[PDB]
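*Asks:* Fold the following, please.
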Amino acid sequence: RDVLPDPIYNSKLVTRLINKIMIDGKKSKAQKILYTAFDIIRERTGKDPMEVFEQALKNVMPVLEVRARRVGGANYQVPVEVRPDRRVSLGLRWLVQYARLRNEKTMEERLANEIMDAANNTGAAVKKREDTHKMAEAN
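*Replies:* Numbering: from 1, shown residues only. See below for the structure:
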């Protein structure tokens, strides 16, 4: 299993993200959003958006997770090391989940900001990675 590199950034990560952003099969729209988001980031951070983005990813990606693990004949909610490909998925999912919930009028604005915030280690997605590491710690 593999994905295709986005035209513009030639990035698979970007493809994986245009995926979670996708709604109703309107890919052109989910693409316009992510690229316009990436431009909002550029003009506002004056940085390469891919740089902000990986930073955000780096801060939102869980390393520990708590999952069911039937043992004996019972189910024990347990703390497990998330895997490379899972961290990226969760990260991208969390970045796109909360961004959806934000308040900017626009989803490119909403996606841009959630990514910028997360690049600065704040916002809902980073929180999600925190609670998450929280529970995995406790258990």
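*Asks:* alpha carbons only for contacts and neighbour counts from here, please
*Replies:* OK.
*Asks:* Skipping its backbone neighbours, what lies nearest the most centrally placed residue in the chain in space?
*Replies:* Geometric centre of the chain, nearest residue: residue 92, 2.2 Å, by CA atoms, centre = their mean. Nearest non-adjacent residue to residue 92, counting by CA to CA, 6 or more residues apart in numbering: residue 17, 6.2 Å away.
*Asks:* tell me which element the one you found falls in.
*Replies:* Counting by DSSP states H and E, the element that carries residue 17 is helix 12-21.
*Asks:* now swap in residue 23 and tell me
*Replies:* Short version, using DSSP H and E: residue 23 is in no helix or strand.
*Asks:* Could you check how far it is from residue 31?
*Replies:* Going from residue 23 to residue 31 by CA to CA, to the nearest Å gives 11 Å.
*Asks:* just checking, what packs against the following helix or strand past the helix holding residue 17?
*Replies:* Going down the chain from helix 12-21, the next helix or strand is helix 27-45, by DSSP H and E. Helices and strands touching helix 27-45, as assessed by 3 or more CA pairs under 8 Å, 6 or more residues apart in numbering; DSSP states H and E, comprise helix 12-21, helix 49-60, helix 107-119.
*Asks:* Okay then, goodbye and thanks.
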